[PDB]
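Take a look at this single chain in structure tokens; it is the form deposited without ligand ATP.
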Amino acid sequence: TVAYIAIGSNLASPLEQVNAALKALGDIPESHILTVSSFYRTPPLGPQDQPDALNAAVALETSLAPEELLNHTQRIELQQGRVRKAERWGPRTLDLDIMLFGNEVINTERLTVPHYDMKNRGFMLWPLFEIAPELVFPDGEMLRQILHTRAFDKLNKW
């Protein structure tokens, strides 16, 4: 099954963090990196001068069950990032989000797929559209259609 995973960083040299995360994802058992997007720059909201985030998307072919993949992504986040509790409400070292898992719809306390609110997040949809322009969501909505109907500015590359 192809899993689409979002990667975000805005601390401790994001280009390094995203590359470290790609290496870690690529190493997850019975999984293989199919496609990686370009790296996008996501400015902070608000006048406050916080660090920009680097955002990317990866297509990962995997034979793992969805919650098994989550076990690995959470492991990677905890080992590589999540240094301070404050990262929860602010800039963070590494954020790995499972956006989609084939055509699966999953609603558990651990795992919700498609990822919460992802259709309203340009920093997810742009890199996703780069790697899967013909993608259709589990509800039948085309990704391309979402980008023609929702108010997103085009994110610059990193």
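Numbers follow the displayed sequence, beginning with 1.
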- Message: Which is higher on mean Cα B factor in this entry, 44-52 or 97-105?
- Response: 44-52
- Message: On mean Cα temperature factor in this entry, is 107-115 or 122-130 the higher one?
- Response: 107-115
- Message: How does the C-alpha B factor of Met142 compare with the rest of the chain: lowest, middle or highest third?
- Response: highest
- Using the B-factors in the PDB entry, rank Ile76's C-alpha atom against the chain and give the third, lowest, middle or highest. lowest
- Message: Considering every modelled residue of the chain and its Cα B-factor in the PDB entry, is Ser38 in the lowest, middle or highest third?
- Response: middle
- Please place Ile5 in the lowest, middle or highest third of its chain by C-alpha B factor as given in the entry. lowest
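A second form of this protein, the form solved in complex with ligand ATP, is not displayed here; the remarks below concern that form.
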- Note on the structure: Taking ligand ATP as it sits in the bound PDB entry and superposing it onto this form, judged by whether 3 or more of its atoms come within 2.4 Å of backbone or C-beta atoms, we find the site open
- Query: At 4.5 angstroms, heavy atoms only, are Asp95, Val113 and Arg121 all close to ligand ATP in the bound PDB entry?
  - Reply: yes
- Task: Counting only non-hydrogen atoms, choose the one of 57-65, 113-121, 128-136, 28-36 that falls within 4.5 Å of ligand ATP in the bound PDB entry.
- Result: 113-121
- Query: Hey, in the bound PDB entry, is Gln79 touching ligand ATP, heavy atoms inside 4.5 Å?
  - Reply: no
